[PDB]
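J.: Below you'll find the structure I mean.
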Amino acid sequence: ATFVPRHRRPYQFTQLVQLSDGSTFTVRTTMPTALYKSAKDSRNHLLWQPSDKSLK
Amino acid sequence: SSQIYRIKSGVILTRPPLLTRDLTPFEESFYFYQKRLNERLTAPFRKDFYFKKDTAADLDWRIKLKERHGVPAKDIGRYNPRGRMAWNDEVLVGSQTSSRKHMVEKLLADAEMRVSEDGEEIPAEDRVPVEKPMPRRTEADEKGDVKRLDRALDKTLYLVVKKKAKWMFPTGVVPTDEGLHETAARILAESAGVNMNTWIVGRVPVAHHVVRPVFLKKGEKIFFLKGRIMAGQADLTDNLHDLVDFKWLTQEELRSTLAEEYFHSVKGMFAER
Amino acid sequence: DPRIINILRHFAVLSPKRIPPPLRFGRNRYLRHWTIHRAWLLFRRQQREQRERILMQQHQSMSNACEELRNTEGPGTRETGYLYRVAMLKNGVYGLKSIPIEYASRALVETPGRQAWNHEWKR
Amino acid sequence: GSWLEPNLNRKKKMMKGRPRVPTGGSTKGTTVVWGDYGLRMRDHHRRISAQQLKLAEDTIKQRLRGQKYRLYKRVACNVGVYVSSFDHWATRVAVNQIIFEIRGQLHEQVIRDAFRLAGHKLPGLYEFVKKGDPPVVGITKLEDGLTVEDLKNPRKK
Amino acid sequence: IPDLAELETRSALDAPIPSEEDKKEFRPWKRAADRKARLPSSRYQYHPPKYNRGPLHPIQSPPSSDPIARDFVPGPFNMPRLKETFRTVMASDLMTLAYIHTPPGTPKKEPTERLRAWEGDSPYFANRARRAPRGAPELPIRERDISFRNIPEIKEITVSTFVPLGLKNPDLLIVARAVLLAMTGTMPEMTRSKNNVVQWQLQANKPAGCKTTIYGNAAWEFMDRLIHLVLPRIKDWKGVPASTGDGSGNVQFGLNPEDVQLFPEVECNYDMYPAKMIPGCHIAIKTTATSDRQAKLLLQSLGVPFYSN
RNA sequence: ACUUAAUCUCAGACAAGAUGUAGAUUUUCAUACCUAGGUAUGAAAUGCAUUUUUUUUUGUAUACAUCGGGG
RNA sequence: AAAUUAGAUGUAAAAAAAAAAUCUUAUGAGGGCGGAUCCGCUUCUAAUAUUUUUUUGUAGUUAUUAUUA
Ligand SMILES: NC(=O)c1ccc[n+]([C@@H]2O[C@H](COP(=O)([O-])OP(=O)(O)OC[C@H]3O[C@@H](n4cnc5c(N)ncnc54)[C@H](O)[C@@H]3O)[C@@H](O)[C@H]2O)c1
Ligand SMILES: [Mg+2]
C-alpha cells in the first residue's frame, strides 16, 4: 500500500516587480510585500550592459 | 559565358516585441480561479514570520489587513477559505476583481505607507501615492509614426526600405571575396549606418527569393538573413545604395506595402507575434 | 531560542495534520470544474499547435533556401555549393561570446520602462 | 611487478602442477612474434627458475654490450616454488617454446653467439629460431606445406 | 448529413450565453440565507483512499488531475515572463543559429549498438557476453541536434544545501530549512551524510542538510529572480564557470552565504533568522539539452554570462 | 571472453573552410570608368605549402583518444 | 587525496490484408484404417514458430513546394 503524499506548500502572493528602468511585471512569490522596487538589477549592471556609457 | 543568376545577400533586421502579449479573457478568469483555489490548499500566512510585533510595518499591515477583511492576499478579492461560506469561491460573470487592471490597482494601493515611523496612522490626505506604471501604448502608437521603434511594443517590427520606387529589405550583390553573412553585415552598415547595435543570428539564410531570368536578363537569387537590433535607429544619410526612405512595419502592415510575390517568399520566416 | 521558536511555528503549520484537507466538491461544482479543466487543456493544445506550426514553417523556409543555395554556383569562379558549405560552419556558435549578453538579457515585461527604446546608442 | 618478481603473495603456497603439454594441435608460444630471432627450448618441458632466467639475460647483455638491440622476454616467473616456505619464483615452459627474442642493428652471427652462450646457462637444449619459420605442433615443425590437420589425420602412411 | 445526425442533438456547448436579467437574480449568498436549513447530502460520498493498495482493489484512487484527489495542486497562476520570452523570440534564433541542412532524400541513420558483440570464426565467440562500453565505464548519452522538434528548455532546478556543522549545533539545520522554504516556495526534504571522516568530524547517516526540486513554471520564475535580481547584485561576480556541466545537459554552480541573503525573499525577513546562520546552497539547473555545449548555449540565450574557468 | 601474473603496439584520420605565398595574367564576378564590350583597379579560379581530433576550425566517422612526476 | 547534491543506453505507440511451403502441437473435425477417449498408422482444418519467403497497402492530419482551376 503505497502512500499518496500531499503537497505541503506555503501561502503565495502575486507581486509586482518594478525594475530600475521603470518596467513592471507580475510574479508569484511567498513574500507579503506588494511592490518590489529594484534599484539595482541586470538593467543597471555593467556586466549585463557593457555598451552603456552612463553606467561606465 | 556570363553567369545566369546574380547572387544577392539580404538582411531582415527585426525588433522583437518588448512587452508580453495581452492576456485573453479565459486566461485572466483562469488565473483568478486558480489563485482562489490556492487559498483553500496552501498553509495560512504567519505575519510573525515577516513583521515584528508593535512596529510600523506590523501596525501598517494590520490596518490594511483589516481593510481586506483578513485576506492576506491583494488580488483575490474577499474570500475566506474556512467557515460556512467557503464554498462560494466562483465569481459571477463580469467580475472586475478578476481583471488585470483591478489587480494592479489593489497591489499599488498597498505599496503606500499608511503608518509613520512613530506608529501613528498617516492622514488619508497626506499619503503619498506610488509612481504608477508606464502605459503599454506609447506616444508613437497614437501618433502613428512608422519611423519609430517604440510603436507596437507587443509585436515584431521589420525594417523596410525604399529604393529610387519599390519597398524591400536591405540587399546587395555578393562579391567573390566575402560570403553571405559577411555581405549582409556590410550592406546593413552602408544602408542604415553603423549607429545601430545589431547581431546577425548566424550564417544560415532564413528565406530566399528567386527572380527567374528573362531569356536577355540575368536572374536574381536573393538570400535573406535575419538580424536583431538591440538599440539604435536607422539613418539613411550618406548611404551608398540609392535608398530614400525607411520605415519599421509590423507583419500586418508589411504585406500591404511589399508586393505579393516578394511577400509570399518572406512570409515563412514570420513568427507568432 | 525565541527566534528559533518562530521558525518552528512555521514548520508546525506545514505539518500534514495542520494543512487544509482535500477539497470536497458537489456534482454541479465538480462538473463546472471539469469544463474549466477540459477547456484549459484544449486551450494549451491550440497554443501548442500554433507554436509548433510556426516553428515548422520557419524550418521549411530555412531548408528551402539552404537546399536551393546548395545547387547555385558563384560568385564568379567559385565551385558550386561553396556558399552552402560556408554557411554550415559553426565557428564560435558554441563559444563564450556566441550570443550577445545584452540581446538575451533583455526580456518581455508587462509594462514598459521610463525609456522604452534608446535611439541615441552610438557605436 | 616484473617478469622475475610477480605481484603475488609469497605466503599463499601453490601446488607443483605440470607444464602445458599440448596434445590437441596447439602452437602457442612456438613462433617469434615481436623480435627477429628467438631462443627455442626444443627437447622437453621444464620449470625454469628466476635465477636461471636472470643469468641468461645477463649472459646476452655481456656479449652484446655496447651495441643497439632490443631484448624481449616471452616468459614470466609467476609460479612460487616452495622448498621445505617460499624459495623462489619459477616458470613452466612447454616444448619448442620461445624463451627470448631480439631485434636491432646486429649481425646474425653475433646474435647466434649470444643465444648460444645463453643456451648453456639455461637448463635443457635450445635452438636458434628466425622470424617467419613455421610453428611447431608438439615436436614436429609444420614445414613443406604440412598443416595441423595432416598431423591429426589417422592416415599418414 | 448522417454523420451529423449521430451527434448529440441536445448540445449544451451550443447554448446561448446567459442573459443579464437572469444574472441579476442569481445570488448564491441569498439562497443559503433564505433557506435557514441544511440541504440533504447526496448519496455519492466517495472520497479518495489514503492508501493505494493496488490496481484491482475495489476502492481505487482518482487521477491527480481530479480536484478531490489528495495530490491535486492548483493550476498555473500566471505566465512566467522568462518562459514567454524564450519561446516567442529566442526559440526561433537557437533553431536558426544551430542548424545543419539535411538533403531531401538522406537515408535515416542507424544507431550503432554500443554494447558490442563478438563476431568471427572462433567457436568461442558465439556465447561470449556482450562487450563492455568502449572507453568510459558508463555509456554517455548521444547528443540530439537542435531542430524545430527539439528546442532545449529548462525542466527542473534542484537547490541542495550541505551543512556539516549542523550535527553539533542543531539550530543550523532548522534555519537552513527555512531559508530554502522562502527562497523556493516548497517544503525541503532533509538529507543525511553518507561518509565518515574523523578529521572533518563528519558522521555517517545523520541529518546534515536539506534539498528542494521545483518543476514547471516555478522553475522559470526562480531563474528570473536569479539572473535579474540576485546574480546582478553579487559584488565582483564574474559569471558561471565555463567548465560547469556533467556531460548530459545539466548546469550546476554554488552560491556563497552572503549571496543567499540577497534573495528578495530572504532579505525582507533577514532579521528573523539568528545571526550567521544563513547557509550556502548548490543550484543545479536541469534542462532538456543533450550536451554541455547545448546547455551552455541555452543559458546564454537566457542572459547568463559565462567566464573562462 | 570474465578473472590472475607478465609483456607488446597505439593514443590518432579524412572532407570542407580558413590562412598566407611564389606565380600565370586567362575567364567570371565586384568597383573607378570610358564607350553593351573593352580600358583599368581588385577578388576568385589555379599548384604545392599552412591550420584540423577537442583548439580561436567546424563537420563526419570514432573510446572527444590520456594524467602527474623526474631528466 | 578524502564531506553534499544533480547526472550518466536506445527504441516504439493510425493501420495492415493476402498466397503457398516446412515441421511441431490440438481434450480440433468425438476424422479414416488397424488394433469418441488407449495405442500404431494416418489425410483435413486451426494455432504457434520459422522463410530473405510471394506480395499488396504504408494512409490521414498540420505545413512546405510544384502544377492545375
Ligand atoms: N503536455 C501535453 O499534453 C503534450 C501533448 C503533445 C505534445 N507535447 C509536447 O510536450 C512539450 C511540452 O508540452 P506543452 O506544449 O504542453 O508545454 P506547456 O508550456 O503548454 O505546459 C508546460 C507547463 O506550463 C504551463 N502553461 C502552459 N501554458 C501556460 C500559459 N499560457 N500560462 C500559464 N501557464 C502555462 C502548463 O500548466 C504546464 O505546467 C512540447 O514539446 C509539446 O510538443 C505535450
Ligand atoms: Mg643447457
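To be explicit about the labels: the chains of the C-alpha cells are called A, B, and onward in the order shown, and within each one the residues are counted from 1, while ligands get numbers from 1 in the order they are shown.
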Any chance you could tabulate, as a tab-separated table, the residues of chain B at most 12 Å from chain A with each one's nearest atom pair and distance in Å to one decimal, using only C-alpha atoms, in chain and rising number order?
T.:
residue	atom	partner	partner_atom	distance
B:18	CA	A:23	CA	10.3
B:19	CA	A:23	CA	9.5
B:20	CA	A:25	CA	9.1
B:31	CA	A:14	CA	10.8
B:32	CA	A:14	CA	10.8
B:34	CA	A:12	CA	11.8
B:35	CA	A:13	CA	8.8
B:36	CA	A:12	CA	10.9
B:37	CA	A:11	CA	11.6
B:38	CA	A:11	CA	7.9
B:39	CA	A:11	CA	7.6
B:40	CA	A:11	CA	10.1
B:41	CA	A:9	CA	8.1
B:42	CA	A:11	CA	5.4
B:43	CA	A:10	CA	5.0
B:44	CA	A:11	CA	6.1
B:45	CA	A:11	CA	5.7
B:46	CA	A:11	CA	9.0
B:47	CA	A:32	CA	8.6
B:48	CA	A:32	CA	11.4
B:49	CA	A:31	CA	9.9
B:50	CA	A:32	CA	7.6
B:51	CA	A:32	CA	9.6
B:57	CA	A:33	CA	10.6
B:58	CA	A:32	CA	11.5
B:60	CA	A:33	CA	12.0
B:61	CA	A:32	CA	9.5
B:64	CA	A:34	CA	11.8
B:65	CA	A:32	CA	11.3
B:71	CA	A:13	CA	11.0
B:72	CA	A:32	CA	7.8
B:73	CA	A:13	CA	6.0
B:74	CA	A:14	CA	7.8
B:75	CA	A:14	CA	7.0
B:76	CA	A:14	CA	9.5
B:100	CA	A:26	CA	10.2
B:103	CA	A:14	CA	8.8
B:104	CA	A:16	CA	7.9
B:105	CA	A:16	CA	10.9
B:106	CA	A:34	CA	9.0
B:107	CA	A:34	CA	5.6
B:108	CA	A:35	CA	7.0
B:109	CA	A:34	CA	9.0
B:110	CA	A:34	CA	6.3
B:111	CA	A:35	CA	5.8
B:112	CA	A:35	CA	9.4
B:113	CA	A:34	CA	11.4
B:130	CA	A:35	CA	9.8
B:131	CA	A:22	CA	9.3
B:132	CA	A:22	CA	9.4
B:133	CA	A:24	CA	6.7
B:134	CA	A:23	CA	7.3
B:135	CA	A:23	CA	9.9
B:136	CA	A:23	CA	10.0
B:196	CA	A:51	CA	11.9
B:197	CA	A:51	CA	9.4
B:230	CA	A:51	CA	10.6
B:231	CA	A:51	CA	10.2
B:232	CA	A:51	CA	11.9
J.: As a list in words, could you give me every residue of chain C near chain F (at most 9 Å apart, counting only C-alpha atoms (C1' of nucleotides))?
T.: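 The answer, sorted by residue number, is residues 74, 75, 76, 77, 78, 79, 85, 86, 88, 89, 90, 91 and 92 of chain C.
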J.: With C-alpha atoms retained, export the selected residues as a PDB file, in the first residue's frame.
T.:
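The result, stored in result_3.pdb:
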ATOM      1  CA  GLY C  74      29.400  31.527 -57.860  1.00  0.00           C
ATOM      2  CA  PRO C  75      30.086  34.259 -57.273  1.00  0.00           C
ATOM      3  CA  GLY C  76      32.371  34.246 -60.300  1.00  0.00           C
ATOM      4  CA  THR C  77      34.907  31.413 -60.370  1.00  0.00           C
ATOM      5  CA  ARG C  78      33.677  29.610 -57.253  1.00  0.00           C
ATOM      6  CA  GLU C  79      32.675  25.953 -57.327  1.00  0.00           C
ATOM      7  CA  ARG C  85      29.450  24.782 -47.252  1.00  0.00           C
ATOM      8  CA  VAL C  86      30.484  28.114 -45.722  1.00  0.00           C
ATOM      9  CA  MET C  88      27.010  25.464 -42.366  1.00  0.00           C
ATOM     10  CA  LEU C  89      30.151  26.349 -40.392  1.00  0.00           C
ATOM     11  CA  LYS C  90      29.606  26.838 -36.655  1.00  0.00           C
ATOM     12  CA  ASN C  91      32.646  28.951 -35.769  1.00  0.00           C
ATOM     13  CA  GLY C  92      32.072  30.474 -32.339  1.00  0.00           C
TER      14      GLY C  92
END
J.: For residue E:130, which residue out of E:66, E:113, E:189, E:156 is the nearest one, using only C-alpha atoms?
T.: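 Of the candidates, the smallest distance to residue E:130 is held by E:113.
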J.: When the cut-off is 6 Å and you count only C-alpha atoms (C1' of nucleotides) and all ligand atoms, which residues lie near ligand 2, shown as a ChimeraX atom specification?
T.: /D:119-125
J.: Filtering to C-alpha atoms, could you give me those residues as a PDB file, in the first residue's frame?
T.:
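See out-v9.pdb below for the written result:
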ATOM      1  CA  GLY D 119      71.606 -21.870 -24.059  1.00  0.00           C
ATOM      2  CA  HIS D 120      74.369 -23.153 -21.775  1.00  0.00           C
ATOM      3  CA  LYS D 121      73.259 -21.209 -18.695  1.00  0.00           C
ATOM      4  CA  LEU D 122      69.629 -22.276 -19.033  1.00  0.00           C
ATOM      5  CA  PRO D 123      68.658 -25.904 -18.363  1.00  0.00           C
ATOM      6  CA  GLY D 124      67.964 -28.103 -21.361  1.00  0.00           C
ATOM      7  CA  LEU D 125      68.661 -27.849 -25.069  1.00  0.00           C
TER       8      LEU D 125
END
J.: Have a look at G:61, G:69, G:30, G:8 and name the one nearest to chain C; count only C-alpha atoms (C1' of nucleotides).
T.: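 That would be G:61, the residue with the smallest distance to chain C.
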J.: Identify every residue of chain F that has at least one atom within 9 Å of any atom of chain E, counting only C-alpha atoms (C1' of nucleotides), and report the result as a PyMOL selection string.
T.: chain F and resi 1-2+63
J.: With N, CA and C atoms (P, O5', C5', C4', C3', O3' and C1' of nucleotides) kept, could you save the residues just selected as a PDB file, in the first residue's frame?
T.:
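For reference, part.pdb as written:
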ATOM      1  P     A F   1      40.536 -11.688 -26.093  1.00  0.00           P
ATOM      2  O5'   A F   1      39.025 -11.867 -25.625  1.00  0.00           O
ATOM      3  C5'   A F   1      38.675 -11.781 -24.253  1.00  0.00           C
ATOM      4  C4'   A F   1      37.209 -12.058 -24.039  1.00  0.00           C
ATOM      5  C3'   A F   1      36.691 -11.834 -22.628  1.00  0.00           C
ATOM      6  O3'   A F   1      36.414 -10.472 -22.355  1.00  0.00           O
ATOM      7  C1'   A F   1      35.928 -13.922 -23.420  1.00  0.00           C
ATOM      8  P     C F   2      37.342  -9.649 -21.334  1.00  0.00           P
ATOM      9  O5'   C F   2      36.847 -10.118 -19.896  1.00  0.00           O
ATOM     10  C5'   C F   2      35.557  -9.764 -19.420  1.00  0.00           C
ATOM     11  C4'   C F   2      35.198 -10.523 -18.167  1.00  0.00           C
ATOM     12  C3'   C F   2      36.255 -10.554 -17.075  1.00  0.00           C
ATOM     13  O3'   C F   2      36.291  -9.372 -16.296  1.00  0.00           O
ATOM     14  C1'   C F   2      35.409 -12.731 -17.406  1.00  0.00           C
ATOM     15  P     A F  63      33.569   3.787 -30.803  1.00  0.00           P
ATOM     16  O5'   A F  63      34.377   4.353 -29.554  1.00  0.00           O
ATOM     17  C5'   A F  63      33.725   4.605 -28.319  1.00  0.00           C
ATOM     18  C4'   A F  63      34.658   5.243 -27.323  1.00  0.00           C
ATOM     19  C3'   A F  63      35.330   6.529 -27.777  1.00  0.00           C
ATOM     20  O3'   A F  63      34.492   7.659 -27.610  1.00  0.00           O
ATOM     21  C1'   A F  63      36.949   5.086 -26.845  1.00  0.00           C
TER      22        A F  63
END
J.: Once you count only C-alpha atoms (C1' of nucleotides) and all ligand atoms, which residues end up within 6 Å of ligand 1, and could you hand them over as an MDAnalysis selection string?
T.: (chainID C and resid 44 48) or (chainID E and resid 76 78:79 216:217)
J.: If you run DSSP on the backbone, which residues of chain D are strand (DSSP E), as number ranges by chain?
T.: D: 37-41, 46-49, 69-73, 79-82, 86-93, 97-104, 126-130, 136-137, 140-141
J.: Write out, as JSON lines, each residue of chain C that has an atom at most 10 Å from chain A, together with the closest pair of atoms and their distance in Å to one decimal, counting only C-alpha atoms, rows going by chain and rising number.
T.:
{"residue": "C:10", "atom": "CA", "partner": "A:10", "partner_atom": "CA", "distance": 9.2}
{"residue": "C:11", "atom": "CA", "partner": "A:10", "partner_atom": "CA", "distance": 9.7}
{"residue": "C:13", "atom": "CA", "partner": "A:10", "partner_atom": "CA", "distance": 9.1}
{"residue": "C:14", "atom": "CA", "partner": "A:8", "partner_atom": "CA", "distance": 6.0}
{"residue": "C:15", "atom": "CA", "partner": "A:8", "partner_atom": "CA", "distance": 7.6}
{"residue": "C:16", "atom": "CA", "partner": "A:8", "partner_atom": "CA", "distance": 7.3}
{"residue": "C:18", "atom": "CA", "partner": "A:8", "partner_atom": "CA", "distance": 10.0}
{"residue": "C:19", "atom": "CA", "partner": "A:8", "partner_atom": "CA", "distance": 7.2}
{"residue": "C:20", "atom": "CA", "partner": "A:8", "partner_atom": "CA", "distance": 9.6}
{"residue": "C:21", "atom": "CA", "partner": "A:6", "partner_atom": "CA", "distance": 9.3}
{"residue": "C:22", "atom": "CA", "partner": "A:6", "partner_atom": "CA", "distance": 8.8}
{"residue": "C:100", "atom": "CA", "partner": "A:48", "partner_atom": "CA", "distance": 9.6}
{"residue": "C:101", "atom": "CA", "partner": "A:48", "partner_atom": "CA", "distance": 6.3}
{"residue": "C:102", "atom": "CA", "partner": "A:49", "partner_atom": "CA", "distance": 6.0}
{"residue": "C:103", "atom": "CA", "partner": "A:48", "partner_atom": "CA", "distance": 9.6}
{"residue": "C:104", "atom": "CA", "partner": "A:48", "partner_atom": "CA", "distance": 9.7}
{"residue": "C:105", "atom": "CA", "partner": "A:48", "partner_atom": "CA", "distance": 7.1}
{"residue": "C:106", "atom": "CA", "partner": "A:43", "partner_atom": "CA", "distance": 8.1}
{"residue": "C:108", "atom": "CA", "partner": "A:25", "partner_atom": "CA", "distance": 8.7}
{"residue": "C:109", "atom": "CA", "partner": "A:25", "partner_atom": "CA", "distance": 5.3}
{"residue": "C:110", "atom": "CA", "partner": "A:25", "partner_atom": "CA", "distance": 4.7}
{"residue": "C:111", "atom": "CA", "partner": "A:24", "partner_atom": "CA", "distance": 5.2}
{"residue": "C:112", "atom": "CA", "partner": "A:23", "partner_atom": "CA", "distance": 4.6}
{"residue": "C:113", "atom": "CA", "partner": "A:23", "partner_atom": "CA", "distance": 3.9}
{"residue": "C:114", "atom": "CA", "partner": "A:22", "partner_atom": "CA", "distance": 5.3}
{"residue": "C:115", "atom": "CA", "partner": "A:21", "partner_atom": "CA", "distance": 7.4}
{"residue": "C:116", "atom": "CA", "partner": "A:23", "partner_atom": "CA", "distance": 8.7}
{"residue": "C:121", "atom": "CA", "partner": "A:52", "partner_atom": "CA", "distance": 8.3}
{"residue": "C:122", "atom": "CA", "partner": "A:51", "partner_atom": "CA", "distance": 9.1}
{"residue": "C:123", "atom": "CA", "partner": "A:51", "partner_atom": "CA", "distance": 8.6}
J.: Find the residues around residue D:4 up to 12 Å (only C-alpha atoms (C1' of nucleotides) counted), leave out those fewer than 2 positions away in its own chain, and share them as a ChimeraX atom specification.
T.: /D:1-2,6-8,48-55,57,73-80,88-91 /F:5-7
J.: Of the residues B:1, B:183, B:14, B:88, which is the one nearest to residue B:233, using only C-alpha atoms?
T.: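 Using only C-alpha atoms, residue B:233 sits closest to B:14.
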J.: Nearest to chain D among F:9, F:62, F:51, F:3, with distances taken over only C-alpha atoms (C1' of nucleotides): which residue is it?
T.: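 Using only C-alpha atoms (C1' of nucleotides), chain D sits closest to F:9.
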J.: Would you compute the distance between atom CA of residue E:266 and atom CA of residue E:181? Give it in Å to one decimal.
T.: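 Distance reported for this atom pair: 9.6 Å.
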J.: Taking only C-alpha atoms into account, produce a table as a Markdown table in which each residue of chain E with an atom at most 8 Å from an atom of chain B appears once, together with its shortest atom pair and the distance in Å to one decimal, ordered by chain and rising number.
T.:
| residue | atom | partner | partner_atom | distance |
| --- | --- | --- | --- | --- |
| E:28 | CA | B:88 | CA | 7.3 |
| E:29 | CA | B:88 | CA | 7.9 |
| E:74 | CA | B:34 | CA | 5.7 |
| E:75 | CA | B:34 | CA | 5.8 |
| E:76 | CA | B:31 | CA | 6.7 |
| E:77 | CA | B:31 | CA | 4.7 |
| E:78 | CA | B:31 | CA | 6.3 |
| E:81 | CA | B:20 | CA | 7.4 |
| E:84 | CA | B:20 | CA | 7.5 |
| E:85 | CA | B:20 | CA | 7.9 |
| E:88 | CA | B:272 | CA | 7.2 |
| E:89 | CA | B:16 | CA | 6.7 |
| E:93 | CA | B:201 | CA | 6.6 |
| E:96 | CA | B:204 | CA | 6.8 |
| E:97 | CA | B:202 | CA | 5.5 |
| E:99 | CA | B:204 | CA | 7.6 |
| E:268 | CA | B:50 | CA | 7.2 |
| E:269 | CA | B:50 | CA | 5.4 |
| E:272 | CA | B:49 | CA | 7.0 |
